[PDB]
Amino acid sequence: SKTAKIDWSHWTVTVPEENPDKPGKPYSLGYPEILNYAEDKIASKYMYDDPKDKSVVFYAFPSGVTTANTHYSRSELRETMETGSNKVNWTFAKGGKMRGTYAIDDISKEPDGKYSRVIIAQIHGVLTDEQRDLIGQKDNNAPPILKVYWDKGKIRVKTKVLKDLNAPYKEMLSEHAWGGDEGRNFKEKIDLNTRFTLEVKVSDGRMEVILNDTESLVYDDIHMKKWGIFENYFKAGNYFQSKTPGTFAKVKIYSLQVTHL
């Protein structure tokens, strides 16, 4: 209404600041406490309203506080397709769609004078407990099959590839079986302080990323078929890709919608 169009019943947030009651781990909020973000003494520093334009600002910077499988600091949402739970997630065959309206509100430069980079949307894989236990892994982590960056004035997309197409199932379940692709950039340059839309559409063996409802980048080869073994969740916000002292980003979200029809 007066605030950004985000359905808080389907997201958790993790921020850059340490949780005082859980040392070494970043503070997080899930439902229903996330609804209190604006009055949360910790979270409101990093996820807060701009009432002038009805956005939510995600502010992140190197804090030295991260999670076990996350390299950099973040102020970022994690999708919970079932309100209140983290273990209900979706396969590519079930599918999903995420639509967001963003702006890169402010960002630092690196020492070479080029802007720092920020990840604003992801699809993260997740192992089921049965898969985790089959391969004897300590947690349910799996690769980020999709990462969408703002990178030096372009929207850049990175996906994962299976390094050995003959890899057996138990090997394919490990992150070491997957590596990064070469990356693809949208043609339309996206300036700072400029609203733009992203749409991510996932279906069986297929992922499509759409910028400003014009250009699509489509992924629909063997790697997307092989990725079908995982469950997934969306992420959105500010996963800030620098540890250089003094760097930061602020990402605004005006609208964010996920569906699994």
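Heads up: residue numbers just count along the shown sequence, starting at 1.
Practice item. Mind pulling up the entry and telling me whether 64-72 or 29-37 has the higher mean Cα temperature factor? Key: Here the higher of the two C-alpha B-factor means belongs to 64-72.
Practice item. Could you settle it for me: does 245-253 or 18-26 have the higher average Cα B factor in the PDB entry? Key: Looking at the record's C-alpha B-factors, the answer is 18-26.
Review point. Quick one: which of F92, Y169, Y102, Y115 has the biggest Cα B-factor according to the entry?
Key: If I rank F92, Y169, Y102, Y115 by C-alpha B-factor, first place goes to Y169.
Practice item. Choose from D164, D191, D151, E110 the residue with the greatest Cα B-factor as stated in the PDB record. Key: Going by the entry's C-alpha B-factors, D164 comes out highest.
**Study point:** Third assignment of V56 from its chain's C-alpha B-factors
**Key:** Within its chain, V56 is a lowest-third residue by C-alpha B-factor, going by the deposited values.
Exercise for review: Could you look up the Cα B-factor of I210 in the entry and say which third of the chain it sits in: lowest, middle or highest?
Suggested key: For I210, the deposited C-alpha B-factor lands in the lowest third.
Review point. In terms of the CA temperature factor given in the entry, to which third of its chain does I119 belong: lowest, middle or highest?
Key: For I119, the deposited C-alpha B-factor lands in the lowest third.
Practice item. Could you tell me which third, lowest, middle or highest, the C-alpha B-factor of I222 occupies within its chain? Key: According to the entry, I222 has a C-alpha B-factor in the chain's highest third.
Practice item. State the tercile, meaning the lowest, middle or highest third, of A177 with respect to the CA B-factors recorded for its chain. Key: Tercile = highest for this residue's CA B-factor.
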